[PDB]
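Asks:
2 protein chains.
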Amino acid sequence: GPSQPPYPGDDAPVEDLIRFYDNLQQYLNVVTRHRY
Amino acid sequence: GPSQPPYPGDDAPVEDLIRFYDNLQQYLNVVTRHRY
Numbered sequence: 001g002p003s004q005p006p007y008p009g010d011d012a013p014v015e016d017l018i019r020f021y022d023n024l025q026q027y028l029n030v031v032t033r034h035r036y
Numbered sequence: 001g002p003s004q005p006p007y008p009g010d011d012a013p014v015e016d017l018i019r020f021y022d023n024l025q026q027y028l029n030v031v032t033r034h035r036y
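Respectively, the protein sequence lines represent chains A and B. Okay, so the first sequence: first residue is 1 according to PDB author numbering, each after it adds one. Okay, so the second sequence: first residue is 1 according to PDB author numbering, each after it adds one.
(1) Considering Cα atoms alone, identify which of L17(B), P8(B), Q4(B), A12(B) is closest to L17(A).
(2) Do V30(B) and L28(A) have their beta-carbon atoms positioned less than 9 Å apart in this structure?
(3) Can you grab the Cα-Cα spacing for the pair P6(A) / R35(A), in whole Å?
(4) Cutting at 7 Å between CB atoms, please list the residues of its own chain near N23(A), excluding the five before and the five after it.
(5) Show which residues of chain A have a CB atom less than 7 Å away from the CB atom of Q4(B).
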């Protein structure tokens, strides 16, 4: 939701990076009011 | 491309966060061979 998802370093495994992608997409869809 | 995009903290402004979203999407599309 309206919370910045945890970033486990740049060497984070792609699956958890995709996990971050999902959470970031959700976050952005919230904060940007789904304008994008 | 095949490089982990820079993350300027959790308080990063949403526009640069969207910028990170684009670069992360591109990165994931590369690393995952566009399987997702």
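We treat Cβ as the ideally placed atom computed from N, Cα and C, and that holds for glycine.
Replies: Straight from the coordinates:
(1) The residue labelled residue 17(A) in the question sits at position 17 within the first sequence. Minimum Cα distance to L17(A) is reached at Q4(B).
(2) Position 28 of the first sequence, counted from the start, is the residue given in the question as residue 28(A). Position 30 of the second sequence, counted from the start, is the residue given in the question as residue 30(B). No, they are not a contact pair.
(3) Position 6 of the first sequence, counted from the start, is the residue given in the question as residue 6(A). Position 35 of the first sequence, counted from the start, is the residue given in the question as residue 35(A). Taking the straight line joining both Cα atoms gives about 24 Å.
(4) The residue labelled residue 23(A) in the question sits at position 23 within the first sequence. If we look at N23(A) and ignore the five residues flanking it on each side, its Cβ neighbours are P5.
(5) Residue numbering aside, residue 4(B) sits at position 4 when the second sequence is read from its first letter. Result: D10.
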